[PDB]
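Below is one structure, written out as C-alpha cells, with a few remarks after it.
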RNA sequence: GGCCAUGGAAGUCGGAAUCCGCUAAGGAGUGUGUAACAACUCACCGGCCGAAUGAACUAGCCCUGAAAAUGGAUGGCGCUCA
Ligand SMILES: [Mg+2]
Ligand SMILES: [Mg+2]
Ligand SMILES: [Mg+2]
Ligand SMILES: [Mg+2]
Ligand SMILES: [Mg+2]
Ligand SMILES: [Mg+2]
Ligand SMILES: [Mg+2]
Ligand SMILES: [Mg+2]
Ligand SMILES: [Mg+2]
Ligand SMILES: [Mg+2]
Ligand SMILES: [Mg+2]
Ligand SMILES: [Mg+2]
Ligand SMILES: [Mg+2]
Ligand SMILES: [Zn+2]
C-alpha cells in the first residue's frame, strides 16, 4: 500500500508547489552527484525549491489533472530524459546565477 | 462416449410431506442407467435422500443448442489425487458441451491419472466473451487470421512395400 | 607476483564459482541448480571457499 | 542533557547537516549522538528526538 | 503446451546477403562468406525482404521453441562475422615463470608453442584452426590476438590455448598462472 | 574517519547500535580492494526500452536417492507421436 500513498504525497507536493510560485524552464542534468545536488539547495534555501522525482509519474499525474490547472497540455512534450525541477520565480538571469554556479567536470 | 442428461428426482411423498421439492441435475453419462446412478450419487452428497426413499421423475437428453458453432468451454472440476482432494479449472475447445467433457475426461486421465471415479464436474460454461478465456493453450486459437501448416505428413499405406521413396510434404 | 588487474582476471576463472554440496561441482556463482544429473540438479549450493 | 546549548552544538557545528531550516542540523546531532547512549533527558535518543520530530514542546528557533 | 507458432526476425544489414536453401545458411558480407548446416533442427524460413528474414517454428513444444532464438543468434553471429570480424585478446598471467609463446609452423601447420609454463620442461603445442589468425601484440606485453570471421572457431582455438595451461596438484586459488581470454570483441571496433 | 574495542579498522576484523539529516535515491553498509584510508562495486532511487512479472504451494511422468557376488531375463526378440 505504501507506494500508492507515497505516489499520492508526490503528486500532492507537486501541485502544492505548482500554484505557490509559477513559471519554470528547462532543467535537465546528467552525471550529477548527490553531494552535487546538495550544494545548489544549500544556498537555495527559500529562493528556490529543488523539486525532484522522475519522468513517467510527473507527466501523467499532471496530464490527467489538466482540468483544475489546464493551460499546460502541450507543455508536457518538453519533459524528456533526466530532468528535475527547481521550483522558483525570479528572472532568467537571477536563477542561473544561483543555480548554474557549481560545476563538476571530468575528461 | 457420453451424453448430457437432465435427471429430476424427489423424496418419496409422505402424508407429512406430500409434494417434496424436485431437484434436477445435469449428468454427463454414457447411458440412462449411469445417469440415474450418478444422480443418486450426488444427491446423497447434498440431501438426506436415498434411492430406496426417493423416486426418479424424469430423464431427458439435453442436445447442443448450436452443435455446428465452434465454442470455447470452461470446466470447473473437483478431483481426487493419490494424496488429497483438489479443485481445478480447465478450458477446452469443442462444438458440443458433451465433447468438451469427453476431452476433459481424457485430459485428466493423461496428465493427473485421474479416473472417472475420481472426478466431480462442478460447472461447464460456454465462454461468450474473448476476455472470458483464461488459459493460453486455448487462447492461442482465438487470434486473428489464424493460419498454420501441418509439416511432416505421414501417409498410412495399405500395402507393406512401396516402390517409390517416401515423402512428407503437406 | 601478479598485478591486481591480472589477479582479478585470473580469479574470474579459478575462484569466482559455486560448489555443489553433495557431488562437488564447479558451478557459476549465480547458478540456482547443479548441472550434474548424478546429484539430481540440487539447489543445495555454497560459494567456493577462499584463501585467508 | 541539552542545557540550553544543544542548538549551540548545532550552531557551533553550523556547517553540517544541509537540511531544511537550522533545526534539521539539530536532528543530525540528535541522530548521531544516539549511537552513544547517555542521560538524554533520562533515556536514549530516537525518542525525545522523535517527540519534537512530530512536534512536542517548542523549538521553532527563528 | 504446443505453442501454435513462434517467430524471430533476422535483420540483414545493407551489404550482407543471407542465402538459405534446405536449412543450409550461406551468409555473404564484405569480409567474406560463412556457411552453416542446420539439418539437426526443424525450422522454416521466410524472406520478409532483402533486409529481414522470418524464422518460424510451427506447433513446437518448450524445448523445440527454445531451439529458435539460438538459430537466430547463430545466423546473426555469422552476419557480424562477415561484416565486422571477431577478435579475442589473451593476456599471459604468471607470477614467477615467464610464459614463452611463439607462433611456429610444423609439418605445414600453424601451431602456438607455449614454453616454460610454471617452469615445466614440457613444450605445449596448440593447433591453429583454419580461418583463424594469430598475432603477438606489439602494443601490449604478453598479449596474443586471435582473429577471424567465424566466432565459433576463434573462441574454440582461444579456449584450446586457455585449457592447455591448467594447473595440476596445486591450490589454483593461489597458483593463478595460465593464459586467459581478456577481451572478446570484433575486428572492426564499435 | 559515528561510538567502544583495535598496533590500525575511516562501512567492509570485532562489539553496544541499526539514528538523523538532505533526498526521488543511499544500509552506521552487499561485496572485491587497502596496514589503514582511498578506491570501485552493490542495497535503493533515476534515465532507456515497453507488457507482462515475482513468490509459495499441489500432483502426473522422468531423474537423484538406488551397493553383491557364473552370464541373463517386462517370457524372448525388440519397442521411443511405442
Ligand atoms: Mg530532491
Ligand atoms: Mg449437507
Ligand atoms: Mg469415459
Ligand atoms: Mg488433452
Ligand atoms: Mg489440452
Ligand atoms: Mg469419489
Ligand atoms: Mg504402399
Ligand atoms: Mg598439495
Ligand atoms: Mg514436478
Ligand atoms: Mg535430475
Ligand atoms: Mg528410478
Ligand atoms: Mg530387455
Ligand atoms: Mg499405435
Ligand atoms: Zn551436483
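Structure determined by X-ray crystallography, 3.2 Å.
Note: Cβ is positioned from N, Cα and C throughout, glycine not excepted.
As recorded in Swiss-Prot:
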BINDING   C:20, C:23, C:34, C:39  Zn(2+) binding site
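Here the features listed in Swiss-Prot are painted onto the structure.
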residue	record	DSSP (3 states)
C:20	Zn(2+) binding site	strand
C:34	Zn(2+) binding site	coil
C:39	Zn(2+) binding site	coil
Restricting to the chain of residue C:39 (Zn(2+) binding site) and a gap of 6 or more, list residues whose Cβ falls under 8 Å of its Cβ, or answer none.
C:20, C:22, C:23, C:25
What is the number of other Cβ atoms found within 10 Å of the Cβ of residue C:20 (Zn(2+) binding site)?
22
Least Cβ-crowded entry, counting other Cβ within 10 Å, from the binding-site residues listed as C:23, C:34:
C:23
At a CB cut-off of under 8 A, do any of the binding-site residues C:20, C:23, C:39 come close to chain B? List them or say none.
none
Excluding C:20, C:23, C:34, C:39, please set out which residues of the same chain place their CB within 8 Å of the center of the CB atoms of the Zn(2+) site, keeping sequence order.
C:21, C:22, C:24, C:25, C:36, C:38, C:40, C:41, C:42
